[PDB]
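# Structural overview for review
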Amino acid sequence: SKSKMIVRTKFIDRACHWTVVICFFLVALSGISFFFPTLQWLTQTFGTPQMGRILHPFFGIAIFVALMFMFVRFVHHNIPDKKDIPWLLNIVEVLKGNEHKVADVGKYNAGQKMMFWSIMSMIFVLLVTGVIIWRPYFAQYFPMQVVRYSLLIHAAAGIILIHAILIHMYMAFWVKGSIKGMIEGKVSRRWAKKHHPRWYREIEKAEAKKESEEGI
Amino acid sequence: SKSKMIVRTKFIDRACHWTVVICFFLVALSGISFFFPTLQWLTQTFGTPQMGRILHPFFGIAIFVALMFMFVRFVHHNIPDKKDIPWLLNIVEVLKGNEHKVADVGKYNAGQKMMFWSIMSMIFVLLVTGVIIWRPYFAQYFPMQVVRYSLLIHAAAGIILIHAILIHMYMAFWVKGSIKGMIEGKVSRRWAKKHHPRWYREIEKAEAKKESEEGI
Amino acid sequence: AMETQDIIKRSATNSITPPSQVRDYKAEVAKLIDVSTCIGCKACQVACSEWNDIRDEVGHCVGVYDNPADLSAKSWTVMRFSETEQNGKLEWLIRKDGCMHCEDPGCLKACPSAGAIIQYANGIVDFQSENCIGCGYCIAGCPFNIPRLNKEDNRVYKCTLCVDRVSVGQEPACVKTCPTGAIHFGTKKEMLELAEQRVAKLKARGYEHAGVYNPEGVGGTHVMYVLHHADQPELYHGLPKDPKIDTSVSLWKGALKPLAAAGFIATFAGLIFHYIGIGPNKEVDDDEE
Ligand code: HEM
Ligand code: HEM
Ligand code: HEM
Ligand code: HEM
Ligand SMILES: CCCCCCCc1cc(O)c2ccccc2[n+]1[O-]
Ligand SMILES: CCCCCCCc1cc(O)c2ccccc2[n+]1[O-]
Ligand code: SF4
Ligand code: SF4
Ligand code: SF4
Ligand code: SF4
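Rules of the game
- Residues numbered from 1 in each chain as written, not as in the entry; some residues may be left out.
- Chains lettered and ligands numbered in written order.
- Part of a larger assembly, values for the part shown.
- Heavy atoms only, no water.
- UniProt positions renumbered as here; feature names shortened; annotations may be inferred.
- Helix = DSSP H or I, 4+ residues; strand = E, 2+ residues; numbered from the N terminus.
- Rg over C-alpha atoms; globule rule 2.2 N^0.38 Å.
- Buried < 20%, exposed > 50% of the residue type's maximum accessible area, 1.4 Å probe, protein only.
- Contact = heavy atoms within 4.5 Å.
- Areas by Shrake-Rupley, 256 points an atom, 1.4 Å probe, with all protein chains shown as cover.

As recorded in the entry header, the structure was determined using X-ray crystallography to a resolution of 2.80 Å.

In the nomenclature of the PDB entry, chain C corresponds to FORMATE DEHYDROGENASE, NITRATE-INDUCIBLE, IRON-SULFUR SUBUNIT from the organism Escherichia coli. Listed as the entry title in the PDB record is "FORMATE DEHYDROGENASE N FROM E. COLI". In its Subunit section, UniProt records this for chain C: "Trimer of heterotrimers, consisting of subunits alpha, beta and gamma."

For chain A, the PDB entry supplies the name FORMATE DEHYDROGENASE, NITRATE-INDUCIBLE, CYTOCHROME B556(FDN) SUBUNIT and the organism Escherichia coli. Reading the Subcellular location entry of the UniProt record for chain A gives the comment "Cell inner membrane". Regarding chain A, the UniProt comment filed under Sequence similarities reads as follows: "Belongs to the formate dehydrogenase gamma subunit family."

Below is the structure:
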């Protein structure tokens with residue numbers, strides 16, 4: 001416990017994450033321009049409206065590829081367990097900045113895991129429905145009725161994921177010190193103690209113990 | 001060594017610098033709109049595309065006048081010398097945040113001096129080729145072939161200078177505490193010691209010595 | 001814009017978002033100026049300005065019949081006169097000048113404003129003035145030195161090939177007016193045939209180097225000439241021999257763009273990945289542990 005910080009995120013998972021974020025800004029904004037045509041300015045997200053129609057789906061595929069790399073590296077830490085119940089019951093208390101007092105928080109809390117599955121499920125929905133409605137390459141192989149349902153579902157899934165990311169960015173801005181961990185990779189031990197007790201307890205034990213195991 | 005800060009930049013050189021920066025944003029963005037017409041939004045940098053065509057060159061001339069004031073006030077501190085070699089050889093080490101360990105850094109380092117000449121040369125190229133391609137005032141006096149070469153070179157020089165400024169702003173954001181010195185004028189002695197050793201050594205000696213010279 | 005849905009080329013438009021051009025099954029048209037039948041009457045200058053509702057200024061005489069002395073925003077076609085003894089006897093070579101309606105227009109290629117310059121399926125290259133920003137890049141991109149800026153509105157103008165007459169089935173004003181039938185108009189395919197017949201008669205009269213001027217460097221033109229001396233086009237008041245889009249303009253408007261794009265993307269990646277990889281450069285990274 002004699003270091004200002006502890007590593008929370010490896011460089012590879014940090015590089016990926018900020019790649020996703022940049023791709024997501026372009027894809028969400030172009031998507032929103034088709035959804036709300038009154039917001040004319042967003043038709044210039046990829047330069048021109050004609051260009052935006054072409055590039056949206058390609059950047060969409062890139063997000064899904066990078067989210068699948070994230071999926072295989074974080075899924076094991078996002079698994080719901082009986083210890084998450086406490087969180088789910090004192091949500092009102094957590095939102096007032098008192099989660100430590102009410103719950104058992106490991107690597108990622110119960111909100112973060114709900115988000116994780118939400119985000120991962122929506123991107124799968126968006127990938128499937130996106131392919132189905134993609135002209136000129138793929139929509140021609142699908143029955144008109146499936147294309148129509150896909151148009152409805154893709155719009156709805158994209159809106160749900162945008163909401164979700166608005167809340168995800170808010171929380172990251174709100175639980176102070178979090179953005180620095182995602183940019184630089186390190187979290188101060190006290191942040192760990194307050195927001196993620198069980199997690200830091202494990203690092204601290206893994207740490208000390210294996211260095212005690214060496215035989216100083 | 002008993003002051004939180006030392007003055008690095010006079011007000012006059014700070015006022016000029018932020019004038020250049022504001023002028024440069026408008027000129028670079030209007031320039032980029034002609035270079036990449038697909039980025040339609042930038043055709044509104046000066047309100048309308050018709051207006052942007054008119055004002056680009058005038059703001060361009062203002063940047064060159066202000067950069068010539070900067071030239072005569074900073075050139076003497078940007079002169080390459082044998083002590084700069086060390087820098088140039090451990091670039092990889094400098095970029096990892098270890099320049100002090102590898103080089104002798106005066107007022108401005110060897111990167112900063114390379115930038116300075118790059119920036120000063122490009123603005124001269126941009127001024128000459130800019131005048132040559134300026135309608136309606138000056139392009140009529142030049143042979144068509146010179147106008148064509150000027151169109152090619154101005155485009156290329158403007159792109160090179162934009163890249164350069166992207167790297168210049170990045171470095172200023174990266175070597176922390178630097179933007180404050182350019183806005184407020186003062187740098188903490190430790191910043192001086194870490195990033196510009198020889199420089200602060202000189203101020204410290206000039207300082208102490210002339211106050212010792214007074215005869216306390 | 002695009003109401004005619006036959007726009008085959010459009011200035012400053014990415015190649016993966018082409019302009020509307022479904023109605024492109026139309027014959028290419030062309031004007032054929034046979035300078036061997038031209039009498040230098042200037043009727044075409046007069047008919048062009050009358051039809052187009054434009055008037056240049058009353059200029060000056062500086063020693064030649066040529067007047068106005070150059071194309072301008074108010075003069076879309078001008079007769080250019082040349083006196084020469086280069087071929088062994090005195091000859092007065094007179095040529096009508098104005099837009100060549102190139103198949104691969106350099107004006108269009110150099111223009112940085114989306115939609116300011118367009119090419120119709122029938123070959124007409126025309127300026128869409130609502131989009132012109134007055135930069136003048138087209139003046140340098142044109143191999144023939146055609147475009148002219150109007151000081152009163154900061155926009156370029158030139159011969160439109162009487163697109164307003166041709167679009168509804170009538171030949172251009174200068175073509176109809178030509179007293180001697182030096183100017184002919186029709187489909188490009190039949191103007192090339194008339195051109196080759198006229199060349200054959202000029203050769204029969206002793207002009208062994210008569211030929212058609214329809215430059216391959218710009219992909220052929222929709223305004224073509226029949227010249228008595230096709231081996232020496234510069235005799236006709238500087239008509240270019242083997243015109244093409246300048247190499248500097250090709251590279252500026254071509255490869256420089258994507259190259260710059262890659263630099264910018266690459267640079268942004270590098271700097272972003274660099275900041276994240278190594279982290280800030282603060283006064284003390286060392287008392288952080
Ligand atoms: C997973 C890969 C994706 C694919 C293949 C894809 C594909 C598409 C396609 C083909 C369209 C129709 C317009 C066009 O062709 O440009 C579209 C529209 C849209 N996309 Fe995606 N997209 C994907 C990801 C996303 C993501 C991540 C979001 C949310 C930020 C999103 C939100 C939208 C929205 C809101 C629309 C417009 C709905 C409307 O018009 O009402 N898409 N998508
Ligand atoms: C400016 C926008 C964003 C910010 C500031 C942000 C912030 C963060 C931060 C700070 C973390 C790590 C938190 C911790 O260490 O507990 C994180 C994790 C994560 N981010 Fe983002 N994020 C943004 C956008 C996105 C987007 C657009 C996506 C994908 C749609 C995304 C997907 C993720 C995922 C999957 C995780 C891991 C969480 C878990 O494993 O439960 N983020 N984000
Ligand atoms: C030194 C004084 C400058 C002069 C006289 C000047 C003049 C011009 C002129 C007359 C044009 C053609 C369009 C128009 O008329 O508005 C132009 C285009 C341009 N300028 Fe400048 N400019 C100057 C400075 C700059 C600077 C500092 C930059 C870089 C930020 C720059 C970048 C560009 C670019 C990129 C283009 C368009 C290239 C293209 O169309 O491919 N210029 N300039
Ligand atoms: C937001 C944009 C910019 C930022 C944040 C920035 C930042 C800085 C800072 C912090 C310094 C002083 C560094 C030190 O004290 O060592 C500096 C110096 C300087 N800046 Fe900027 N700058 C910007 C844009 C520009 C532009 C557009 C130009 C001209 C094209 C420019 C020209 C210069 C020059 C010539 C120097 C002096 C360096 C030397 O003498 O070697 N800057 N800049
Ligand atoms: C029922 C309300 C659901 C609340 C969702 C919690 C998601 C949550 C909570 C946090 O403290 C975070 C800190 C850093 C990064 C992401 C975070 N997210 O996603
Ligand atoms: C070969 C790589 C060249 C790197 C260029 C160095 C330019 C460099 C380096 C710095 O530490 C700066 C600190 C404050 C303001 C500007 C700075 N610039 O321009
Ligand atoms: S109208 Fe005909 S004959 Fe008269 S100057 Fe023009 S091209 Fe020649
Ligand atoms: S002057 Fe007009 S038509 Fe010519 S290149 Fe500029 S915007 Fe295009
Ligand atoms: S002669 Fe010039 S202005 Fe006319 S189409 Fe050709 S390049 Fe364009
Ligand atoms: S084709 Fe029409 S616009 Fe052109 S010179 Fe003839 S009258 Fe003028």
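A word on the overall build of chain C. Looking only at helices and strands, chain C has eight helices and 11 strands in total. Taking 19 Å as the expected radius of gyration for a compact globule of 289 residues, we find that chain C reaches 24 Å, considerably beyond that expectation. Expressed as lengths along the three principal axes of its C-alpha atoms, the size of chain C is roughly 100 × 45 × 40 Å. Here chain C holds 289 residues, and the buried ones make up 51% of them. Taking the intrachain contacts of chain C between residues at least 6 apart in sequence as the baseline, contacts between residues at least 24 apart amount to 60%. In the form shown here, chain C has an accessible surface area of approximately 13900 Å², with 53% of it arising from carbon and sulfur atoms.

Our focus in this paragraph is the environment of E3 of chain C. Residues and elements named next belong to chain C. Summarising the element assignment, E3 is placed in the segment before β1 (7–10). With a relative accessible area of 62%, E3 lands in the exposed category. The spatial distance from the C-alpha of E3 to the C-alpha of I16 is 20 Å, given a sequence separation of 13 residues.

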